[PDB]
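The primary structure of each chain is shown beneath.
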Amino acid sequence: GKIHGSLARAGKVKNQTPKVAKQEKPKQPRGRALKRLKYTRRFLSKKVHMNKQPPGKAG
Amino acid sequence: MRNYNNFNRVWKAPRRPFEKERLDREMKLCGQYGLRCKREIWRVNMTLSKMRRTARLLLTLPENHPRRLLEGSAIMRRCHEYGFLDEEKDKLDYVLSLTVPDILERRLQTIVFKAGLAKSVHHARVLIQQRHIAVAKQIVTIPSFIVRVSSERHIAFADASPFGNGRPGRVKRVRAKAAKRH
Amino acid sequence: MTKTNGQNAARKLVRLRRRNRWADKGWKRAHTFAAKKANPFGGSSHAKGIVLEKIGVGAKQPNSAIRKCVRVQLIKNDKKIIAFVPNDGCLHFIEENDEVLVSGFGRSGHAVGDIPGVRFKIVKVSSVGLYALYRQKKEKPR
RNA sequence: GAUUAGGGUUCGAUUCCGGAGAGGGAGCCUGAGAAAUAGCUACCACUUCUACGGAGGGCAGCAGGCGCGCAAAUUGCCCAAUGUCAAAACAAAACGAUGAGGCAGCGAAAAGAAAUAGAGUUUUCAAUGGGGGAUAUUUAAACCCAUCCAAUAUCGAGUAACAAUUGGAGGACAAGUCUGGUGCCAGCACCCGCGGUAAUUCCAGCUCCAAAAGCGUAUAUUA
RNA sequence: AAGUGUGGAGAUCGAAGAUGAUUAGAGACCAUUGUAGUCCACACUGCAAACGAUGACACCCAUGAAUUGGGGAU
RNA sequence: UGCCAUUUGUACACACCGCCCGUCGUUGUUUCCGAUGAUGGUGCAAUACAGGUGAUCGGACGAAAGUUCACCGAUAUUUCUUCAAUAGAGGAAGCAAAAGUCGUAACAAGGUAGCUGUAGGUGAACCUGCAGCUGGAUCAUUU
RNA sequence: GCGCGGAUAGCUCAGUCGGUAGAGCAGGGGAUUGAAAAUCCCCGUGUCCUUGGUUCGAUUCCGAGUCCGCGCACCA
RNA sequence: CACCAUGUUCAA
Ligand SMILES: NC[C@@H]1O[C@H](O[C@H]2[C@@H](O)[C@H](O[C@@H]3[C@@H](O)[C@H](N)C[C@H](N)[C@H]3O[C@H]3O[C@H](CO)[C@@H](O)[C@H](O)[C@H]3N)O[C@@H]2CO)[C@H](N)[C@@H](O)[C@@H]1O
Ligand SMILES: NC[C@@H]1O[C@H](O[C@H]2[C@@H](O)[C@H](O[C@@H]3[C@@H](O)[C@H](N)C[C@H](N)[C@H]3O[C@H]3O[C@H](CO)[C@@H](O)[C@H](O)[C@H]3N)O[C@@H]2CO)[C@H](N)[C@@H](O)[C@@H]1O
Ligand SMILES: NC[C@@H]1O[C@H](O[C@H]2[C@@H](O)[C@H](O[C@@H]3[C@@H](O)[C@H](N)C[C@H](N)[C@H]3O[C@H]3O[C@H](CO)[C@@H](O)[C@H](O)[C@H]3N)O[C@@H]2CO)[C@H](N)[C@@H](O)[C@@H]1O
Ligand SMILES: [Mg+2]
Ligand SMILES: [Mg+2]
Ligand SMILES: [Mg+2]
Ligand SMILES: [Mg+2]
Ligand SMILES: [Mg+2]
Ligand SMILES: [Mg+2]
Ligand SMILES: [Mg+2]
Ligand SMILES: [Mg+2]
Ligand SMILES: [Mg+2]
Ligand SMILES: [Mg+2]
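A short tour of the structure in this document, coming up. (Residues numbered from 1 in each chain as written, not as in the entry; some residues may be left out. Chains lettered and ligands numbered in written order. Part of a larger assembly, values for the part shown. Heavy atoms only, no water. Residues with missing side-chain atoms left out of burial classes, pairs and counts.)

### Some remarks on the pattern of salt bridges
Residues and elements named next belong to chain B. In plain terms, the rule: By convention in these notes, a salt bridge is any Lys or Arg side-chain nitrogen within 4 Å of a carboxyl oxygen on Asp or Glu. Counting from the N terminus, the helices are DSSP H or I runs at least four residues long and the strands are E runs at least two residues long. Classification of residues uses two cut-offs on accessible area relative to the type maximum, computed with a 1.4 Å probe and protein chains only: under 20% is buried, over 50% is exposed, and between them is partly exposed.
Going through the model one piece at a time under the given rule, you end up with 13 salt bridges over all chains. Linking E26 and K38 is a salt bridge whose minimum nitrogen-to-oxygen distance equals 4.0 Å. Of this pair, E26 sits in helix 1 (residues 20-32) while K38 sits in helix 2 (residues 38-58), and the two are 12 residues apart along the sequence. Taking the shortest distance from any N to any O, the salt bridge between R106 and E152 comes out at 2.6 Å. In this pair, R106 sits in the loop between helix 5 (100-104) and helix 6 (108-114) while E152 sits in the loop between strand 1 (133-134) and strand 2 (156-157), placing the two residues 46 residues apart along the sequence. With a relative accessible area of 39%, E152 lands in the partly exposed category. Via salt bridges that share partners, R36, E40, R107 and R125 belong to a single interconnected network.

Written out as structure tokens, the structure is:
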């Protein structure tokens, strides 16, 4: 038919999302010490890619 | 309702919140001076902006004008008093050349790092806020305390601090209780 | 060929400007009263209404979906409007005869892009926030 | 007041000044001053008690109540201060009244200051708040803050579990050619656009970015 | 210009309409006609691509053919 | 039937197998007209008129009750005006939505050059008459 | 008021004058497509008011009776 | 100067 969506299909993708849970991951420092952690990695530990990702299916 | 106590704002957020040149300078200023947030930089912007604006109004005024002799000798006085300008700089054109790291060097977090009372600039901010530094036998717990020139001689440990001449702090004292029950 | 000088020509310039400000669609909307008397919200924000029925509004070209939205009838002035329900799901949190807190969305009543003829938005259903129900901060009463 | 190079554009129910009103509308008395309303008379609209004969009401005072709405707190303590009134200083058997006005409770309207760690050789050493409490101090009385863990003699961080969040990662606009799912569906997207079985944009996990005790959104309004 | 009113005029072209034809259809173009109109008088209308898509009045402004009317030299 | 070059026009750009216009169907929306229905205030001025104020009498026990008249005037009711809201059979206009129908009007000399005004005709884009315009498909041909 | 008339899938509807049921759309899956729309194939499928008299059996016959339309009436 | 009307939706 002309329309392929319905009100009955509401929340289709969010229901069938496989429901992964977050992992443990101990807390980062907060406040002034988190700015210390930002500064030491992007400056003291030497384009600059802030989030370089490992190679995937694009190459 | 009938309360006339006044209050204003001391900082201002920048136009253009994502400038890659500006965001890189301010992360250097949060690292080189041990700052909590970008807002502590932004009041140092507004503090210096107001000095840079009044001193630029007074140069529109001629010399031997009443608002430039008075109140132009006030803004050169508070630069010399707080260490913003050394005593050679007396012409009022040097207030227009002040920078944000010229003001951030005068914070009590920086002098306690520069005088030698702490290993790092993040050691200094802890020891101020944990009541160890007295400026004139006055325990100052504010890191944004702008130290005057005459106050530099008298920064030391507090007389009530365990690092000075006071009683020993918590980890010795709660251990001295545990050795007492035995 | 444009305007007048003259040291005594200020009444001409004051009259000239007050008529040409009516051509400004921001000045004219801020100074006429068809702006609020036809606004379904009473010149305000976030008006409450009662859900009447659920509608699937099909998206405009080149997009193709049906947008899940309710038709609500406001309480302050009894005006029927159609308002969008934002997120994946979220008509499962709305039943008929529910009180909903409806804001506009975006563009001062000018129908944010894909959805045709819908210019309001559900914020809060049954006095609990609709985005809090989506992220499951809390759940519906009764 | 907000914004503003300059010229401006807006907001001003709201603390100070003035004007007006006390449910609507009149009309008066008394007084130096009222067309007074915690004064009177009447009508209109609502309205409470009655033993049915009758008698009363006026929170745009302060607390509250119901409605109305997108939308705004305690039926709190006190005259200690600021004042007003007045036959009146305080004290002495012997404390003038004050919902003016203070004070506290609620209170992320908006503003200041600021923790959530430091230091060193897997492994230790020091710190001091949040918080418990006082010979007490504040206070009218409490509260708070401030001071303190012996002055002969005062509790306490480790996963410091005493655990930061809110929005994003195609572009503007700072930051992933990562992995799983769905397959023009579900949804996202202010705008441009994403999604049609290899999604830089959806739903999620990771990892980053931004601001941070804050941060989204909506409607007004200035640039 | 079309249009309207009242009188004239009514040659030609001709909205409407009528016949032919073309066409899948032809309510169109093309052919033959033909009413109102076209033309005049007196009224009315005031709707144009009423254009140079360029408001009016002054000022300054380089060059070479021309052109229309007036004036002056030979 | 095609291809290549030059000139020119174009609203075309996955490029004429392009683009595109109106009527008609379906769905949803906001206005307007409309017999009739109806609401809240103003103003206007008309009577009736509560109370009071002043006056005149009164004088129970100087001075109450009460007369009478004037004035200020609430309220009630009616008459039109005016502002703001509102129901309506029916009749329309507009807008918005994934791929329904009919033609093909425009864009090329778009196959009758387009377009302005006006007048009349038509399912519908539109055609036709008259005078204009080039924004034309001609800046040009008795020197 | 009487008479003429019609009820068969989710809906709509054709019937051999008295031997048992036709499609189509709506539905679920494929072919097709770059995904769709159209299009083609294949699949679920209608105890026929209620029933009687019962032709070997009433859907198909006739008459009773829900349903829903149509022809026609005081008397001067 | 006979006639010569049209090509669904996104996307590449
Ligand atoms: N189209 C909707 C838009 O939403 C806006 O609404 C609001 C927000 O979207 C917007 O918030 C922005 C935020 O988006 C943006 N990322 C950063 C910015 N600082 C925020 O601004 C807000 O937050 C700061 C706190 O720092 C406040 O000081 C500031 O006054 C406030 N405007 O500021 C507005 C205040 O709530 C406009 N009100 C509206 O006119 C506009 O049309
Ligand atoms: N209150 C007056 C009512 O107007 C009605 O008239 C309605 C229609 O005649 C008229 O038709 C509109 C039309 O304006 C517009 N041009 C197109 C639109 N589709 C139509 O809409 C109408 O018809 C469609 C059905 O196709 C419906 O879906 C739609 O809800 C309905 N409003 O719009 C009117 C409502 O918007 C009826 N005559 C009747 O209910 C009554 O007269
Ligand atoms: N919308 C207001 C007006 O509608 C008219 O046109 C409208 C319709 O006549 C026109 O109809 C078109 C039609 O052109 C074409 N032949 C077929 C197409 N399916 C129709 O489309 C219409 O109908 C379908 C639903 O049937 C809708 O999904 C679609 O959005 C809508 N355009 O679509 C337009 C609706 O947007 C005027 N042409 C136009 O001026 C104006 O847009
Ligand atoms: Mg201490
Ligand atoms: Mg006042
Ligand atoms: Mg009244
Ligand atoms: Mg109150
Ligand atoms: Mg992916
Ligand atoms: Mg993600
Ligand atoms: Mg021919
Ligand atoms: Mg002829
Ligand atoms: Mg074609
Ligand atoms: Mg066709």
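### What to know about unusual backbone geometry
Residue and element names in this part refer to chain C. Across the junction of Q61 and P62, the peptide omega takes the value 5°, indicating a cis bond. Assignment of secondary structure puts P62 in the loop between strand 1 (47-58) and strand 2 (66-74). Phi is positive for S108, close to 55°, though the residue is something other than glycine. For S108, the position within the fold is in the loop between strand 4 (99-104) and strand 5 (120-125).

### Concerning a positive patch on the surface
Counted only if it meets this: Each patch is assembled from residues with relative accessible area greater than 30% and no salt bridge, linking like charges that lie within 9 Å and nonpolar side chains (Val, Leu, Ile, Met, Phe, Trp, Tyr) that lie within 5 Å. Computed with the Shrake-Rupley method and a 1.4 Å probe, the accessible areas treat only the protein chains shown as cover for residues. Two residue types count as positive, namely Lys and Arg, and two as negative, namely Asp and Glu; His and chain ends fall outside the count. Note that the charge is assigned to NZ on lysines, CZ on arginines, CG on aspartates and CD on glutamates.
Taken together, the side chains of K3, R11, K12, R15, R17, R18, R19 and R21 of chain C make up a positively charged region of the molecular surface. Turning to its location among the elements, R18 of chain C is positioned in helix 1 (residues 10-20).

### So, the interface of chain B and chain A
As a reminder, the rule being used: Pairs of residues are marked as contacts when any of their non-hydrogen atoms sit within 4.5 Å. Note: buried area is the sum, over both parts, of the accessible area (probe 1.4 Å) each one loses when the two are combined. Throughout this description, a polar contact denotes any pair of N or O atoms lying within 3.5 Å of each other; where both atoms belong to protein, one of them has to be capable of donating a hydrogen while the other can accept it, and for residues adjacent in sequence the pair is counted only when both atoms sit in side chains. Following the grouping adopted for this structure description, the nonpolar residues are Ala, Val, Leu, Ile, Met, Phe, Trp, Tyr, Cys and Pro, the charged ones are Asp, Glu, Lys and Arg, and the polar ones are all others, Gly among them.
Taken together, the contact pairs 14 residues of chain B with 8 residues of chain A. Carbon and sulfur atoms supply 66% of the area that chain B and chain A bury against each other, a total of about 1000 Å² over both sides. Among the residues chain B hides against chain A, the three largest losses belong to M27, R36 and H122 of chain B. Together they make up 51% of the total. Counting across the interface, chain B meets chain A through 0 salt bridges. Our count for the contact surface shared by chain B and chain A stands at 0 residue pairs in polar contact. Secondary-structure elements contributing two or more residues to the side of chain B that touches chain A are helix 1 and helix 7 (121-129) of chain B. It is helix 1 of chain B that contributes the most residues to the side of chain B that touches chain A, 6 residues altogether. Split into classes, the residues belonging to the side of chain B that touches chain A amount to 5 nonpolar, 4 polar and 5 charged.

### As for the side chain of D98 of chain C
Its location among the elements puts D98 of chain C in the loop between strand 3 (80-84) and strand 4. Residue contacts for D98 of chain C: discarding those within four places in its chain leaves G49, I50, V51, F93, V125, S126 and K140 of chain C.

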